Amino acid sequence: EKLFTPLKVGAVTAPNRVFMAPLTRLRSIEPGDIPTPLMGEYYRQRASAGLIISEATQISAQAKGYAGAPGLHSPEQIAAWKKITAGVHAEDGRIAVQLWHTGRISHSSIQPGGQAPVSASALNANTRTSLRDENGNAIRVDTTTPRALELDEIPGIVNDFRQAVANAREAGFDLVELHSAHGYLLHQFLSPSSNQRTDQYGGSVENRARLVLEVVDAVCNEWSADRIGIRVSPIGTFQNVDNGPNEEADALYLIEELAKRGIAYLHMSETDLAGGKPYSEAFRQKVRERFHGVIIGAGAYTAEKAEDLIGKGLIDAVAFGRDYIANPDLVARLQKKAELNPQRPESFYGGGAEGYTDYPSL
């Protein structure tokens, strides 16, 4: 077994390879998109993870696409996150913040000024996001057709990522994870299906990857490359965003470019919840030869699959999502070969302590 052995992840040393995947839970305070002490407790309970990767967190108000998702742009958000990271550190944990801009997976009612959300192109996501009703409960709503960003708006987006990383470093996070997956803004630019631009940010794969690589360079310069991770979902379809007709080649291009920056990690979300074709071993080998940081695999993993791929020298760590919702001490359970708590999906999104901080340890 290698799952319970340490791993250097950029500037941080994880004591094991069992990571907590980023999990949107939609329990922040509105107004202000403010993290809470309840969220702090939840993270503290999971501090034995080799690395906790937070719920996706807004870089800006414009970045918001879900009612109840937290931000990391305001003073009050910074102050609330500082308490949360301090609590994780008091338990000897490590925590990365996942930073997103939701782009077109959003709704005008939760945008600044009530305006249409932004994207690479003016194309509806054709999916749903989560708002809150008059009683504060999560509800699904169809996404609003976005406005295509103007060329002169792009530097501001890059700056918003940079600024949120300054704020994250201040707030006590150990690492940042850029959310370049699952059909959010960065992935909207990467995918030819969502990006129909004919300027320097669309068309060729170099142009489609331009924004994400400008963001990577800005955030490495703000902090350090060894503090930056990135999540990608570059093979298959995620929330109605496919990866185009040359998905493997285009993925390898991006990964070779990322490798040049010497970033801490590449986190590959391999499948959505409905599943699909596994990554080929050949593809995993191509990724591994091109990237010289930590590789984290995710998506309906088992401990056995993680051990197998780590043993094969293809990945370094695994991120578990749903099993971490339900098992605060997932590390101990996997180490001991104990049963896993029963999941309660009705309380994944929104609400309070129930289905959030009430899953027991062994």
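Between two forms, the rigid core is the largest collection of C-alphas that superpose within 1.5 Å. Counting begins at 1, following the sequence as shown.
Enquirer: Which is farther from the shown form in 6 other deposited structures of this protein in C-alpha RMS with the core fitted, 270 to 278 or 167 to 175?
Expert: Looking at 270 to 278 and 167 to 175 in 6 other deposited structures of this protein, the bigger mover is 270 to 278.
Enquirer: Comparing average C-alpha B factors as deposited, tell me which of 238 to 246 and 88 to 96 sits higher.
Expert: It is 238 to 246.
Enquirer: Of 176 to 184 and 193 to 201, which one has the bigger average CA B-factor?
Expert: Result of the comparison: 193 to 201.
Enquirer: Of the options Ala171, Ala282, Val216, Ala264, which has the highest CA B factor as deposited?
Expert: Comparing C-alpha B-factors across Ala171, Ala282, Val216, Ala264, the maximum falls on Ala282.
Enquirer: I'd like to know which of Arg227, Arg132, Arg162, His107 has the highest C-alpha temperature factor in the PDB entry.
Expert: In this record, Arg132 carries the highest C-alpha B-factor of the candidates.
Enquirer: For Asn124, return the chain-relative third of its C-alpha B-factor as stated in the PDB record: lowest, middle or highest.
Expert: Tercile = highest for this residue's CA B-factor.
Enquirer: Against its chain's modelled residues, does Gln335's Cα B factor rank lowest, middle or highest third?
Expert: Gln335: CA B-factor falls in the highest third of its chain.
Enquirer: Give the position of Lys277 by CA B-factor within its chain, expressed as the lowest, middle or highest third.
Expert: It belongs to the highest third of the chain when residues are ordered by C-alpha B-factor.
Enquirer: Within this chain, which third does the Cα B-factor at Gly32 fall in: lowest, middle or highest?
Expert: As the PDB entry reports it, the C-alpha B-factor of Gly32 lands in the middle third of its chain.
Enquirer: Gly10's Cα B-factor: lowest, middle or highest third of the chain?
Expert: Top third by C-alpha B-factor.
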